[PDB]
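K.L.:
return a 3D structure for these sequence lines:
(6 chains, ligands or ions: 2)
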Amino acid sequence: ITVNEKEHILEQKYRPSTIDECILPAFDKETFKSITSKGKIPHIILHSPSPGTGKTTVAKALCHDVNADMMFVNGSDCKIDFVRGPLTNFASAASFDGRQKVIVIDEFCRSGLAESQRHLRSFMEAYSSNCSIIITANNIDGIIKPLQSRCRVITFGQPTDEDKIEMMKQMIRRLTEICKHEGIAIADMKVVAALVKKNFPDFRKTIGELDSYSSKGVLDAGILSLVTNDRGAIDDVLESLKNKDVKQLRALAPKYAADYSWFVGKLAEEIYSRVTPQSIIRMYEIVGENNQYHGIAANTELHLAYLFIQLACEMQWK
Amino acid sequence: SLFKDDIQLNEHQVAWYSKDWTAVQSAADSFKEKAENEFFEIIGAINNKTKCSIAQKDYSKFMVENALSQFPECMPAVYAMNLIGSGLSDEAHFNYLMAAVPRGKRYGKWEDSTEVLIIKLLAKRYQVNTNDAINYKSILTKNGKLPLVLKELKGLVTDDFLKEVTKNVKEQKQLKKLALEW
Amino acid sequence: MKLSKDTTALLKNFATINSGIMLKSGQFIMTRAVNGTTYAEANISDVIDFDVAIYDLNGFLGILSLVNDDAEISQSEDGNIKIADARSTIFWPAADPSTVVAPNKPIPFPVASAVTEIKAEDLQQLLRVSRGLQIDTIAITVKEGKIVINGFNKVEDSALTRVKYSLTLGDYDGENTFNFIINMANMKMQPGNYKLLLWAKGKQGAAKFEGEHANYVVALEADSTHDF
Amino acid sequence: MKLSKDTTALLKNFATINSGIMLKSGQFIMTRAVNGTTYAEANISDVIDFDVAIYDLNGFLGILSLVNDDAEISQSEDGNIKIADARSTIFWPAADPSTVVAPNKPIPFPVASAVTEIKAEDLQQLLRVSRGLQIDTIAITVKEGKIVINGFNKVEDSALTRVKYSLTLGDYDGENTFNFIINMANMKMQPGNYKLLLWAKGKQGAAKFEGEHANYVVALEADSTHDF
DNA sequence: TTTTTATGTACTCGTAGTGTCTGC
DNA sequence: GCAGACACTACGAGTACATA
Ligand SMILES: Nc1ncnc2c1ncn2[C@@H]1O[C@H](COP(=O)(O)OP(=O)(O)O)[C@@H](O)[C@H]1O
Ligand SMILES: [Mg+2]
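P.N.:
Numbers count the residues shown, from 1 in each chain, chains lettered A, B, ... in the order given. Ligands and ions are numbered 1, 2, ... in the order given. Have a look at this structure:
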């Protein structure tokens, strides 16, 4: 159990240092250990559209288990002049103690980074001898295919039944360590296993919900009360939808244009239970055709705005 | 001294008849009228059927589409120009939207500072995105003293950081706003 | 703590490697490159009292360039750094030590795998020729017994084929063959004499420049070759 | 094959005419501006032993000001230009001669339509007054039986009506009346006594400056009026 | 009745700091 | 034996342009 004791947020403080310490499904835990066993790291695009799965921790865990000279940077701050300057001065020079050089680009699927992405093809080949690149992706299509040519596309697989049973209790004993290391009163777990199961894959939102209970000393309460679904449900997905608030509908588009694929996908799932069958068949046509054309979509933001205006004015909300 | 009862030439003449150019610089600034610019009035011509004849005006599909993005009745054509209007001529873009928007009579208009500095300051510190940064604060307002992490980040509030968000006059009432955090 | 002319000039040099610096109590200052390619250290004559981290070292030296030499740099009772002049007084905000990437690990250089010394006017001529000849990478090898520094145009010359400059620095004794390639960009030492220390074993290595006051340890480019 | 400092001083002058130069073996050198504006020819004290074309003559000499004057220049096996110093060596790349606009043969200046003889200090004062009176174009013509030079400010003068200078030079024994205009930007000759040869036939024309070692052919202006 | 969002590129202009050359 | 002044560079500003 690795703790960066100098950290103030539990998400960043209890980040696994080793790939073993990561609560990951089988096949993946087998894959990453195989990658670290080689001692040398090839270009890796590990990606999972589900948040809090461990994209960033695994990317850093692989850099640690291989004893890499890692330079971690967020994709948004990884512009092209940043790649020309620092990133090149890094991958060109050889580290004094040898050891693998890695450049981790977190959330590199962001849209504005398309042209700096186009710089890396040839950049990665010119310095492939001395330095590799790990890319963290939320939307894999946001990675230009020439980069996928140069990288290993690791997609976090759906955890099997055994993986769900083992990872939960691996996270349970992980929550035991952190609470006992933080000073939070357990007051019998009981709901602790239920919290892990509440947001099973999203471990980051599970730890993030331990926070907000640091001012409190208790580990137990009805946590599914205060901002439970603060992801795809309690962020104007209900209230602002129905009432057909065009003004709010348009202002609600930007905050999500970042990851279009997830949003739409979760939008077609939860909606099947809120509206009538006459609008069940109707919502699939408009949502299907908006998702069908997210490429011709120049501005994804206005594309969401068109989905909302055509969705709100045709659903017979029960 | 001044020769009292002689004619005093205007400040332009005073500055110009002197190789003191900083005062001449102040003389030219007197006609700046940059606050009296133009900006669009093409959108009004789009929804009024007026002879816009843009050519030299600043056309922005980015903007002109995003202005009609507020009005949902203009959204069918905006959805088309979003799809296929990419790589379409600026003069063609205004010309399509001419016969495409319904009726006119141009209308109204189209998340606060002291929060948006913290959101963008936490984002740069932990190297996270807006979404993640936004959530960080919201959970930190509820738990282990966000006031503490405010102090942890009082050193990296440079004027280049500050002015980047809301120039105007706030980045000086914001520069020394998060000063008092110790 | 008082900051003299030789020490502020050193800080003006260390600012080029890292936008700021972390310095703890003593007379030893040290900074490393953000990417970890150039490490600089310096024992100085001016003694500093407390531990402080400056994020904007460039702007810190610019604001100090208005106060007289009597500049009293003190800690504020809350924590900041006040600069007392003969008359005026300035307030500068200090930053957290984790904001400035600090070297933190002054592990000593190993055994010098090869040793020579470059003159002050020899470094001068190398930097002035490269300014006019656009030399971006230099390689230190052996030619006819004496070791030399060769400058190229990595962009205009892929695998460092055609030399554009060569400076001899004395003769090599042992029977070894090598070619340490250093990037001219990540080479930020100030003018002066430097006993050049070169260490490299297997696939790791570094180049250390021993100046009469400060030390500069740069990294070698991956293309470098040696038989050590 | 070393270059004396007066020869290089003449070379840094030729670089003002053309950013490059094509110099063959021998003691004779020459260049012409790309825009056919000026042409300079000169024999010098050093001896060139090999043909070489230099794409950036300005940067070549600016780099040659970084090695000692005893530097032995040569054509390296590295087929470029070798600058051997006491310790250093500069390999300045020879350029493809096709990229250097140079006179393929020395311009044989025709029989002069008018001959005068500028003095070096007279030329010196002419440049000093031009930098003070913003004199951009000058005209050499006849005034009361004597050959004189008159400068204007074509910016403010436009029609070239208001005289701003009059260097009374020699006397004219002929009967022709000419008004040859030269642009000061094309006065790329180094200071020194020159025998000024003038020629013009119809809508053509050029001026030649015969020197104690260097000659200069500078072009006349579109508005040059003559009765030759 | 309104007034702005990101990244990367190329060019011009103005001024200001720095560099190379020169006096009755 | 250096200052002056032209000469040169760098940079902030503003501009125009093409993308998503
Ligand atoms: N597989 C995992 N094993 C252990 N902890 C995890 C795992 N996935 C996420 N976490 C916890 O979530 C936090 C953030 O995870 P992160 O790498 O940011 O996931 P993502 O990048 O997909 O949001 C970490 O501090 C870590 O403690
Ligand atoms: Mg992450």
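
K.L.:
list the buried residues in the longest helix belonging to chain B.
P.N.:
Longest helix in chain B, counting residues (DSSP state H): helix B:113-125. By 16 or more other CB atoms under 10 Å in any protein chain shown, the buried positions in helix B:113-125 come out as B:117, B:118, B:119, B:120, B:121, B:122, B:123, B:125. From N, CA and C alone the C-beta is placed, and that goes for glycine too.

K.L.:
from the residues you listed, which is closest to residue A:111?
P.N.:
residue B:123 (17.0 Å; CB to CB).

K.L.:
how far away is the nearest residue to that closest one once chain neighbours are set aside from chain C?
P.N.:
The shortest distance from residue B:123 to any non-neighbouring residue, by CB to CB, 6 or more residues apart in numbering or on different chains, is to residue B:133 (3.5 Å). Distance, residue B:133 to chain C, using CB to the nearest CB, to the nearest Å: 17 Å.

K.L.:
for residue B:133, what are phi and psi?
P.N.:
phi -60, psi -40 (degrees, to the nearest 10).

K.L.:
ok, it - contacts?
P.N.:
Taking CB atoms under 8 Å, 6 or more residues apart in numbering or on different chains, we find residue B:133 in contact with B:119, B:120, B:122, B:123, B:126.

K.L.:
one more time with 6 Å, if that's ok
P.N.:
B:119, B:122, B:123 (CB atoms under 6 Å, 6 or more residues apart in numbering or on different chains).

K.L.:
could you check how far it is from residue C:27?
P.N.:
Distance of residue B:133 to residue C:27, computed by CB to CB, to the nearest Å: 41 Å.

K.L.:
burial of the nearest residue to residue A:312 once chain neighbours are set aside, as a residue count?
P.N.:
Setting aside the residues directly before and after it, residue A:312 is nearest to residue A:244 in space (CB to CB, 6+ apart), at 4.4 Å. Neighbourhood size, residue A:244 [other CB atoms under 10 Å in any protein chain shown]: 16.

K.L.:
now residue A:244: which helix or strand?
P.N.:
Assigned by DSSP states H and E, residue A:244 belongs to neither a helix nor a strand.

K.L.:
got the residues of chain B near DNA strand F?
P.N.:
By CB under 7 Å from any atom of the strand, the part of chain B that sits against DNA strand F consists of B:60, B:61, B:62, B:86, B:87.

K.L.:
same list (those residues) but as TSV, adding secondary structure and neighbour count.
P.N.:
Converted to TSV, the residues of chain B next to DNA strand F look like this (DSSP: H, G, I helix; E, B strand; the rest coil; neighbours: other CB atoms under 10 Å in any protein chain shown):
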residue	secondary structure	neighbour count
B:60	coil	14
B:61	helix	19
B:62	helix	10
B:86	coil	12
B:87	coil	6
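
K.L.:
which elements pack onto the biggest strand by length in chain C?
P.N.:
In chain C, taking DSSP state E as the definition, the longest strand is strand C:38-48. Contacting strand C:38-48 under the criterion 3 or more CB pairs under 6 Å, 6 or more residues apart in numbering or on different chains; DSSP states H and E are the following elements: helix C:5-17, strand C:26-32, strand C:214-219.

K.L.:
of all the ones you listed, which one comes closest to chain B?
P.N.:
Closest of the helices and strands packed on strand C:38-48 to chain B is helix C:5-17, at 15.0 Å (criterion: CB to the nearest CB).

K.L.:
and that closest one with strand C:214-219, angle?
P.N.:
10 degrees (axes from the mean of the first three to the mean of the last three CA atoms, to 10 degrees).

K.L.:
kindly list the main-chain dihedrals of the residue in chain B positioned nearest to DNA strand E?
P.N.:
Going by CB to the nearest atom of the strand, DNA strand E is nearest to residue B:109 of chain B, at 3.1 Å. Dihedral pair for residue B:109: phi -120, psi -150, per degrees, to the nearest 10.

K.L.:
mind checking how far it is from DNA strand F?
P.N.:
Distance, residue B:109 to DNA strand F, using CB to the nearest atom of the strand, to the nearest Å: 21 Å.

K.L.:
then residue C:57?
P.N.:
Distance from residue C:57 to DNA strand F, counting by CB to the nearest atom of the strand: 17 Å.

K.L.:
surely that residue touches residue C:17?
P.N.:
No: Residue C:57 sits out of contact with residue C:17 when judged by CB atoms under 6 Å, with a separation of 9.8 Å.

K.L.:
contact residues of chain C facing chain D?
P.N.:
When proximity is defined as CB under 6 Å from any CB of the partner chain, chain C approaches chain D at C:125, C:128, C:129, C:132, C:133, C:163, C:164, C:165, C:166, C:167, C:168.

K.L.:
hmm, the second one is touching residue D:66, no?
P.N.:
Right, the one you point to is residue C:128. Yes: Residue C:128 is in contact with residue D:66 according to CB under 6 Å; the separation is 5.5 Å.

K.L.:
what's the strand or helix carrying residue B:13 packed up against?
P.N.:
With elements taken from DSSP H and E, the one containing residue B:13 is helix B:11-16. On a contact count with 3+ CB pairs under 6 Å, 6+ apart, helix B:11-16 meets helix B:21-29.

K.L.:
tell me which other helices or strands the helix it packs on touches.
P.N.:
helix B:11-16.

K.L.:
show me which residues of the helix it packs on are buried.
P.N.:
Within helix B:11-16, the residues scored as buried using 16+ other CB under 10 Å are residue B:15.

K.L.:
quick one: that helix near DNA strand E?
P.N.:
No: using CB under 7 Å from any atom of the strand, helix B:11-16 never reaches DNA strand E; the gap is at least 12.8 Å.

K.L.:
and that helix, how far from the chain's centre?
P.N.:
Remark: helix B:11-16 is offset 35 Å from the chain centroid, using CA atoms, centre = their mean, to the nearest Å.

K.L.:
what residues does the stretch 201-318 of chain A have near chain B?
P.N.:
So far as CB under 6 Å from any CB goes, the stretch 201-318 of chain A lies against chain B at A:208, A:211-212, A:214-215, A:246, A:250, A:296, A:298-299, A:302, A:305-306, A:309.

K.L.:
not counting residues beside it along the chain, what's closest to the residue in chain B positioned nearest to chain C?
P.N.:
Ranking the residues of chain B by distance to chain C (CB to the nearest CB) places residue B:155 first, at 2.7 Å. Nearest residue to residue B:155 in three dimensions, chain neighbours excluded: residue C:95, at 2.7 Å (CB to CB, 6+ apart).

K.L.:
and that neighbour, how many neighbours?
P.N.:
The number of residues near residue C:95, taken as other CB under 10 Å, comes to 20.

K.L.:
please apply the same query to residue B:147.
P.N.:
Number of residues near residue B:147 (other CB under 10 Å) recorded here: 10.

K.L.:
coming back round to it: residues contacting the helix holding residue B:13, please?
P.N.:
Contacts of helix B:11-16 (CB under 6 Å, 6+ apart): B:23, B:24, B:27.

K.L.:
out of the contacts of residue B:133, which is nearest to residue D:10?
P.N.:
For those, the nearest to residue D:10 is residue B:123 (62.2 Å; CB to CB).

K.L.:
what's the separation between the closest one and residue B:153?
P.N.:
On the measure of CB to CB, residue B:123 and residue B:153 end up 11 Å apart.

K.L.:
contacts made by stretch B:97-105 with the rest, please.
P.N.:
In contact with stretch B:97-105 (CB under 6 Å, 6+ apart) are residues B:46, B:47, B:48, B:73, B:74, B:77.

K.L.:
just give the closest residue to the last one, not the sequence neighbours.
P.N.:
Spelled out, that is residue B:77. Nearest non-adjacent residue to residue B:77, counting by CB to CB, 6+ apart: residue B:100, 3.6 Å away.

K.L.:
the one you found: neighbouring residues, count only.
P.N.:
Count around residue B:100 with other CB under 10 Å applied: 15.
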